Structures are given as structure tokens and as C-alpha cells.
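Undergrad: here is my input, please return the structure:
(one chain, ligands or ions: 1)
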Amino acid sequence: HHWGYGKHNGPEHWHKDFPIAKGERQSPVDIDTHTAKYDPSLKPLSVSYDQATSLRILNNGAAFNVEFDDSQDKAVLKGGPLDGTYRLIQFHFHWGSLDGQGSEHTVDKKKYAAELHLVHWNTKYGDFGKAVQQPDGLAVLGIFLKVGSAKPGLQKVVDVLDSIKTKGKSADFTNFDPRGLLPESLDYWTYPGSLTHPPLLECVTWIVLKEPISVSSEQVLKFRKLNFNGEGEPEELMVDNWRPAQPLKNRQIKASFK
Ligand SMILES: [Zn+2]
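TA: Numbers count the residues shown, from 1 in each chain. Below is the structure:
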């Protein structure tokens, strides 16, 4: 049937319906910290989320998305390796069934409990749909999550998960400030890649933060109570919704720090 993260429709099967899965700039990848090249020309990231307007949270069957109003430059990302302004449209996570796995990118083969993806699109293209068709259409900020101390700013998201347990369910989710999900440092690694789930389009400039944020065991546990299935269907826990590392091939990972 359609793609998923199960044994018969998982990542290893995606290439049949989405040939680009075996493309030249697929994500995620393993970040070899010793092979990454420090680029002194990379500017600091500029995150302007003070005017962010969250609208809704939704379970789309692959993860849960927190959506924002992207009709104006309210929450934008600029600087770094980017040219122009990128508007935040949504953020979601990828996590595992155990604390030892869950992230998509890895650092020197190290896996984290989860990975947060803040998706932004290049305003020069007018809308998200047009942006995904361009090589510089999206900018995704990736943040690693490690299990330890609780993250206060994530609790509001955790508490509403019960209302969107199954696929297709959505709930009003206003006044959420994404700034509460950022680590102290904005040092990063960057490389040209793709969306990590179908359609797997190669339209992403990845910006992966070096510093992970910590969340508590209890917070991640609640992520694991979501369902891939829709209401009224056999229960399948939403866990391990991550794609394994792909070949770096003809690409170089640059670091903003040395
Ligand atoms: Zn993602």
C-alpha cells in the first residue's frame, strides 16, 4: 500500500514509489565531525521568531506537525548559508521506540533520542508548493534531543498529544513560542539535502545545530503514545518514524565553528 515506517512499507521500500530515494543529495546523513570543513565565510544564523503565530497541531500519520501562519514574514530564518528570507511553516519531530535511537542525522555515528525539524520555505517562490520544486526552496533547522532534564518549553506540546492520538486528528494550538525549543548556541553544520520522507524532494539546505536540547524521559514517553493508524483501526504505536543515514556521495558538510 502506501509508504510508512513498517516492515513492508518502510524506508527500504520507498524507492519503488519514489525513485529519487536513491538520488544524489538524499538525507539524512552521518555527520563526520573530523571531515566537516570549517568555513570562515559562513555567517551566523539569524532566527526571528518573536512574531511567530502558531495555528494548529496535527497528526498526519507519519508524525505530528505544529503549523504556523506563513502568510507574512512573521517567523523567519536568514543568514548562515542562506540567500534571502525563509518563512517558518511547521515543525515536527522524529523519535524512536527506545532512548538510544530516534534521530535521523547522526554525529560520528551517534544517534539521539529524537530530532526536531523546523521547516522554512524561500519567500522568493511565493508558496511552499512552489518552493519544494527548487534546489534552494527549503531551509530546515535540525535540533537533536537527548534524554535528561525536562524542557519546560516543550510541555505545552506534550500536553495536547492526547487530543491528536490518531491519524487525521487536529487541534487548535495557538500562542506557542518556538523560541523555547532552541539550544543556547547556534553553531551548526550545513549541507545540501532532501526531505527525509516521501516525496523525498532534493530541495533542502540543512542546518543542523551542534548543541542538543535535553528533554525528560516522561516527555519523550508521551510522543510514543501516538498512533500511526486512524481512529477505529488496529493500534500501531507511532515510534521509530526515522529514515536511516544515506550516502553522502558528492557532498561536503561545512561547519560554522572550529
Ligand atoms: Zn523531519
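
Undergrad: mind checking how far residue 40 is from residue 209?
TA: Taken as C-beta to C-beta, to the nearest Å, the spacing of residue 40 relative to residue 209 amounts to 19 Å. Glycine gets a C-beta too; all of them are placed from N, C-alpha and C.

Undergrad: and if you look at residue 99?
TA: Counting by C-beta to C-beta, the gap between residue 99 and residue 209 amounts to 20 Å.

Undergrad: ok, now residue 49?
TA: 14 Å.

Undergrad: show residues contacting stretch 76-89.
TA: Applying C-beta atoms under 8 Å, 6 or more residues apart in numbering, the external contacts of stretch 76-89 come out as 42-49, 52, 67-68, 70, 73-75, 118-124, 128, 136, 138-139, 141, 178, 188, 190, 205, 207, 254, 256.

Undergrad: hmm, try it at 7 Å
TA: Counting contacts by C-beta atoms under 7 Å, 6 or more residues apart in numbering, the residues outside stretch 76-89 that touch it are 42-48, 52, 68, 70, 73, 75, 118-124, 128, 139, 141, 188, 190, 205, 207.

Undergrad: check which helix or strand residue 222 maps to.
TA: helix 217-223 (DSSP states H and E).

Undergrad: right, and the helix or strand after that helix?
TA: strand 254-255.

Undergrad: can you show me the CA trace of stretch 235-250 as CSV?
TA: Listed in CSV are the C-alpha atoms of stretch 235-250, where the atom choice follows Å, rounded to 0.1, in the frame of the first residue of the first chain:
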residue,chain,number,x,y,z
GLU,A,235,-3.5,0.3,17.1
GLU,A,236,0.1,0.8,15.8
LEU,A,237,2.2,3.0,18.1
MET,A,238,3.9,5.9,16.3
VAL,A,239,7.6,5.1,17.1
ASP,A,240,10.8,4.9,15.0
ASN,A,241,9.5,7.3,12.4
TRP,A,242,13.0,8.0,11.2
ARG,A,243,14.9,7.2,8.0
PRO,A,244,18.4,5.7,8.3
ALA,A,245,21.5,7.6,7.1
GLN,A,246,22.1,7.9,3.4
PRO,A,247,25.3,8.1,1.3
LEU,A,248,26.9,11.5,1.4
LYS,A,249,28.2,10.9,-2.2
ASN,A,250,29.4,14.1,-3.9
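
Undergrad: so for that stretch, what gets flagged as buried?
TA: The neighbour-count check on stretch 235-250 (16 or more other C-beta atoms under 10 Å) flags 238, 239, 240, 241, 242, 243, 245, 246, 248 as buried.

Undergrad: I figured the fourth one hits residue 63, correct?
TA: Yes - contact criterion C-beta atoms under 7 Å: residue 241 and residue 63 qualify, at 5.5 Å.

Undergrad: which neighbours do these two have in common?
TA: residue 94.

Undergrad: what residues does stretch 193-207 touch?
TA: Looking at stretch 193-207 with C-beta under 7 Å, 6+ apart, the contacting residues turn out to be 3, 14, 18, 20-21, 23, 25-29, 45, 62, 80-82, 104, 131-142, 188, 190-192, 243.

Undergrad: now, these that are in helices?
TA: By the criterion of DSSP state H, membership of the contacts of stretch 193-207 in helices covers residue 131.

Undergrad: among the contacts of stretch 193-207, which ones are in strands?
TA: Filtering the contacts of stretch 193-207 for membership in strands, criterion DSSP state E, returns 45, 138, 139, 140, 141, 142, 188, 190, 191, 192.
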